[PDB]
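Labels run A, B, C, D and E following the written order; every chain starts at residue 1.
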Amino acid sequence: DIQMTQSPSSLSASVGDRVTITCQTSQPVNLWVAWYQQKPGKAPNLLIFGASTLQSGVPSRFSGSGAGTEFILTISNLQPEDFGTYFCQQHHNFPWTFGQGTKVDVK
Amino acid sequence: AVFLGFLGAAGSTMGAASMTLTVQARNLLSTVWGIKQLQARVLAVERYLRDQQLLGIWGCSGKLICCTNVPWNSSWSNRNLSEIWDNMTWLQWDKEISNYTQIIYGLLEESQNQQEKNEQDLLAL
Amino acid sequence: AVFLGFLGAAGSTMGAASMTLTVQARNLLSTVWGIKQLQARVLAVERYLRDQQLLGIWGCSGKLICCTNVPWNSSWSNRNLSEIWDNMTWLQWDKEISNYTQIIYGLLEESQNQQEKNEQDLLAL
Amino acid sequence: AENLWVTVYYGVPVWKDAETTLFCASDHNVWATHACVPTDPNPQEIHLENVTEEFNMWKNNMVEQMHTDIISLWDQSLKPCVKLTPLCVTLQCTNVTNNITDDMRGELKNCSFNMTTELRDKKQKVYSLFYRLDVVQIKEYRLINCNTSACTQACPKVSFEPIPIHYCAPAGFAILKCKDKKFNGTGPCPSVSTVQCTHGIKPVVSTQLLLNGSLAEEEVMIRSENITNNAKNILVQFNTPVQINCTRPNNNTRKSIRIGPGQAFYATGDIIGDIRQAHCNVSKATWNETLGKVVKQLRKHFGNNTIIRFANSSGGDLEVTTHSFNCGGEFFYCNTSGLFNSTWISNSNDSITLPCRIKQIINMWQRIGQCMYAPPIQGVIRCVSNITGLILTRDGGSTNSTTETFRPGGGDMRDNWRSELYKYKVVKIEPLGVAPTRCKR
Amino acid sequence: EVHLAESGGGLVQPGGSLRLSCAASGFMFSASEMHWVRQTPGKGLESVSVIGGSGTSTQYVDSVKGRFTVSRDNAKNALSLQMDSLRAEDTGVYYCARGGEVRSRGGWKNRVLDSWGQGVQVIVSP
């Protein structure tokens, strides 16, 4: 199974800060990586698919990039509603392995 | 980043890459060092004129997306449009069909003159 | 032998020679010795551009056999099509009518603009 | 059923490998920027998303083009300068014994000789100071180059300071740059971009050490065409630079002698004060840390339990045997023996001092029959530089012994250019293309 | 609007069995792949199982292989997960999600977990 690694494990940021989360795969998965967000007591919500494509309705502040075995999620303007647990998932081959989760909370 | 621009559509599919032909089209034209620069400049004009002549001879002068009359032979390629225009890149298609280039050029050249002759004949009446 | 090719149709009649204009059309474009080669290439490019501009001004851009609106004056030539298109060569005709070249060019040039103006007026409505 | 027909598309994004002639882009010097185009203040680069390219630093034509252009510029710069043809005369030389140390005994010779003047009738007796490496015994000495060729004196106004140069491709071509870190110069690069021109590259000339170069962004990198074969050099790129301070402390004095109508030869009149050897200083702890990183990286390719030895150079010409460079117009050759001297086994403020020898008759490139005379510089000289890479060569390498010894390399200057253009390639576009479509004309 | 509702969770002893149901509406159920995902307390997400549109293709992770069975009813637009020999590690929140086909900016088509359910709690304790 393809193993997914996230970094940083946790982070504290204030409103308006720029947040960067890195995700790594042991094997190439082309660019089939998706970034999801989870709030406490709520199911995951997709933000990014294809490693650079923004889901419809999501604010433009969220962006994704990368290549090879390294992908990056960037939140340019952190807002009160964006705090939570972010996950990176690979959907190139079964099983679709998730990351360990990056928890962004209020400083 | 400047992801979109000039050759930014190289990694995209043929259907998506066909929407931005103009950005590639524009840039095709533009003491010892001066000699080298002049020699380099002399070749670009020749290449551009060769491409323009080749386009014009087939009857697609002044057109970026021009279809023609010659039918497609199944021997050259068997893949259908379903897995070509949205499941393949231009580089892959060119690599696959780089062997069979000249025959279609000759067919287009011989087909254009027949249309010209027919148009003259119809206008004669 | 390679009897047919490029100028192979020089000795044939005008009707037969008009079928192979493309072979002539293609070839018009393509330390001390390098200077001479560069000069020759520059002159060839200039000649090709001059020919293309002259063709374009008359409205026959991107065409090998393009008829026009200027009528033929009987004073310039009296022979009919019966003894021309199958009883004469292009070299003989060019030799015969080398004198009366520029007037037809001017007539074509002044005729094209009137057609363009009329088309603009029609599209104005 | 398919009923497909041929369609022509102009402007298709397809490229192929090709070779062409690049031109200048730059912001009195040997590297003439007068004929070089100005550089755009805001260069544009376009990242190509989801594009993978093939790269091979050992087959780059840009290196050959740069070498040819540099040689041509060097040849052009020396054309309008005085030719020292009359200098080939019988010199009468003696040892200088005025305030010298033990190590600088016999290094300088005080030589007197006759010479021409502005008038072809008269002659003048003059004297000067020469280096032992420049005079060969025929008490009567002669210049080393007299029996090979007569070369020109470098004009004093031009400066040898390197200036950054950007290489730009012509219209219809493109330059692809690999932005993927940890890329070892050969293989598939998945992160690619298109750049109008190459970043600024200083044409620094040096041997055994890369000076004022570019630093790796991740860690120490090792590159080689065929690491198994010993005949191919190894290029090591550092992560952090090492400061090296070189200095010539002698107080030189310059005097002009008129050898003809509008022709002057510059000579070293006398030395003021004490005379001491020029030398360079390198930090010890930083060098030890850099060598630790280098051996750690080398263990990856040459086993985890092998012994890694650094030793002296084998031999050959002075240019290849010693660390040769130029500072402030003076050509230094330093003895890098204390640096590459150690052994490594798998498991404060002192500085290493390298003595150096100055030379005036120079053959910069590997050519015979064209030397160059460097006029003396007035006053003491000092400079500081960054060491950011090495050129290493493996000795032997047979399976009999498990000990690996590496020695300094150099000589060929193409390696200096290859260390900067390893992440660049040139391609030509093929806009025209043919496809199937459902139209009908 | 896509709607997914889970049910059938609760408390079970180790070694027991439990069936989780997921009712779907607002889209073509037969033409969409279905995913069962689990979130253990204090850990990240994990894809328990997947079933295809036709219901003939089913896949599971190694941790649940041979114990968890996924089935679908296209006529009722329903999804079912039967769990047997449940262990303490199986405790958590189970979500049913749809694998929707999306188009990237480059023109390539893949499937992502576009829509998820609210989730259902399953507690495997003595």
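Just so it is clear, a residue touches a chain if its C-beta (ideal position, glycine included) is under 8 Å from a C-beta of that chain, and two chains touch if they have at least 3 such contacts.
*Asks:* Which chain's centre, taken as the mean of its Cα atoms, is farthest from the centre of chain D?
*Replies:* Centre of mass proxy via C-alpha means gives E as farthest from chain D.
*Asks:* Where is the C-beta contact count highest, in terms of which two chains?
*Replies:* Result of the pairwise contact count: B-D comes out on top.
*Asks:* I'd like to verify one number: the distance from the centre of chain B to the centre of chain D, where each centre is the average of its C-alpha atoms, in whole angstrom.
*Replies:* Their C-alpha centroids are separated by 45 Å.
*Asks:* Can you check how far apart chain B and chain E are, centre to centre, with Cα atoms defining each centre and the answer in Å?
*Replies:* Chain B and chain E have C-alpha centres separated by 50 Å.
*Asks:* Between chain A and chain C, what is the gap in Å from one C-alpha centre to the other?
*Replies:* Spacing between the chain centres: roughly 66 Å.
*Asks:* Roughly how far is chain C from chain E, going centre to centre by Cα mean, in whole Å?
*Replies:* 75
*Asks:* Would you give the residues of chain C that are in contact with at least 2 other chains, written as numbers and ranges?
*Replies:* In chain C, no residue touches at least two other chains, as defined above.
*Asks:* Out of chain A, which residues touch more than one other chain, so two or more?
*Replies:* Expected reply: 31, 52.
*Asks:* Got the chain D residues that touch at least 2 other chains?
*Replies:* 49-50
*Asks:* Write out the stretch or stretches of chain D touching chain A in their complex.
*Replies:* 49-50, 180, 190-191
*Asks:* Chain E touches which residues of chain A in the complex?
*Replies:* 1, 31-32, 34, 36, 38, 43-46, 49-50, 52-53, 55, 87, 89, 91, 94-101
*Asks:* Name, in rising order, each residue of chain E that touches chain A in their complex.
*Replies:* 35, 44-47, 50, 59, 61-62, 95, 102, 104-106, 108, 110-114, 116-119
*Asks:* Chain D touches which residues of chain B in the complex?
*Replies:* Interface residues on chain B, with respect to chain D: 1-3, 5-12, 14, 17-18, 21-25, 27-34, 36-37, 39-41, 43-44, 47-48, 51, 54-55, 58-60, 63-72, 74, 77, 80-81, 84, 90-91, 93-94, 97, 101, 104, 107-108, 115.
*Asks:* If we count contacts the way the header does, which residues on chain D are in touch with chain B in the complex?
*Replies:* Contacts found on chain D: 2-15, 20-24, 32, 35-36, 44-51, 69, 72-73, 76, 170-172, 174, 194, 429-441.
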